[PDB]
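Each remark here refers to the structure printed beneath this line.
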Amino acid sequence: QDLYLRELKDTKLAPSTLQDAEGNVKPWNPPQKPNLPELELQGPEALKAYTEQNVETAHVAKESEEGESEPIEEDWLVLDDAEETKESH
Amino acid sequence: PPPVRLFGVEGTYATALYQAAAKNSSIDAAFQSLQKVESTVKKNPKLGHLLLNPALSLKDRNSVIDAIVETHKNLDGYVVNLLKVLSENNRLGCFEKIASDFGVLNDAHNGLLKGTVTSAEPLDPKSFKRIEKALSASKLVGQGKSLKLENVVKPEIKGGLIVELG
């Protein structure tokens, strides 16, 4: 149909100008290529953790806590304390 | 049975007039007095349009109907009785005059604008609707070619919405 074919033409070659050709758009002043492709590509990381989300900051798992291998001082006091607690058993 | 019921709305009077007059011949005879009456009413801007007002008294309504009929024998036929009956039953029947015309067309003329994607104002006065339609359309396109503008084919709106909504 002419109304279909003409619509397809005006909506395809112009769609070519918008997307399929890097001619941006004459009717609209700011091209989306200088707006979306790189800066708004940081919009994904603007919503994400910037230079940190894609990066995934290095955080190595640490060691758990222990008694510093100290039986010279902790063992005797622990024994006395446990025996004192045993006085009401 | 009439050609098709006109779905009432003060068209009951016109439907009954068509049926009764169709008991007789009273076809061109009925429509002729009606056309003369409507022309007479148009011929009097006031007193014939302000006469088509609810405020007219019953004596006033009968008198106005009689005066309209007084234009010689322009009110010949059962249309006189119908006008008098409406004079007390329902004052306004100019739409009933158009409905009587519609019944006359249904009896003899038929036809209405097609449309589809065309806003043309043509007519196809023939009983059949499988032959003359194309000739009428092509003629009205190649002759006159008036303001048949629907602006654009609605399919433009259709495609625009279709693309714009995924």
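Going by the structure tokens order, chains are called A, B, ..., each with residues numbered from 1, while ligands are numbered from 1 in the order shown.
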For the contact check between chain B and chain A, emit one row per residue of chain B within 9 Å, containing the shortest atom pair and the distance in Å rounded to one decimal, counting only C-alpha atoms, chain then rising number order, as a Markdown table.
```
| residue | atom | partner | partner_atom | distance |
| --- | --- | --- | --- | --- |
| B:152 | CA | A:3 | CA | 8.4 |
| B:153 | CA | A:3 | CA | 7.2 |
| B:155 | CA | A:4 | CA | 7.7 |
| B:156 | CA | A:7 | CA | 7.3 |
| B:159 | CA | A:7 | CA | 8.8 |
```
**Request:** List the neighbours of residue 50 in chain B out to 12 Å using only C-alpha atoms; skip same-chain residues closer than 3 positions along the sequence, and give me the result as a list in words.
**Result:** residues 41, 42, 44, 45, 46, 47, 53, 54, 55, 56, 61, 64, 91 and 92 of chain B
Could the residues in this selection be saved with C-alpha atoms as an mmCIF file, in the first residue's frame?
```
data_model
loop_
_atom_site.group_PDB
_atom_site.id
_atom_site.type_symbol
_atom_site.label_atom_id
_atom_site.label_comp_id
_atom_site.auth_asym_id
_atom_site.auth_seq_id
_atom_site.Cartn_x
_atom_site.Cartn_y
_atom_site.Cartn_z
ATOM 1 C CA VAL B 41 -41.639 25.114 6.223
ATOM 2 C CA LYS B 42 -38.220 26.131 4.931
ATOM 3 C CA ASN B 44 -41.155 30.447 6.168
ATOM 4 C CA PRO B 45 -38.100 31.071 8.384
ATOM 5 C CA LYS B 46 -40.299 31.970 11.313
ATOM 6 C CA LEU B 47 -43.916 30.795 11.638
ATOM 7 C CA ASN B 53 -41.718 24.565 19.271
ATOM 8 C CA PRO B 54 -43.146 22.716 22.294
ATOM 9 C CA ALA B 55 -44.754 25.872 23.663
ATOM 10 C CA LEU B 56 -47.373 25.923 20.886
ATOM 11 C CA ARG B 61 -50.747 23.340 17.130
ATOM 12 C CA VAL B 64 -50.555 25.764 12.605
ATOM 13 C CA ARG B 91 -44.951 18.477 17.767
ATOM 14 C CA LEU B 92 -41.628 18.000 15.974
#
```
**Request:** Considering only C-alpha atoms, state which residue in the set B:17, B:116, B:131, B:95 is at the smallest distance from residue 80 in chain B.
**Result:**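 Looking at the shortest contact to residue 80 in chain B, the residue is B:17.
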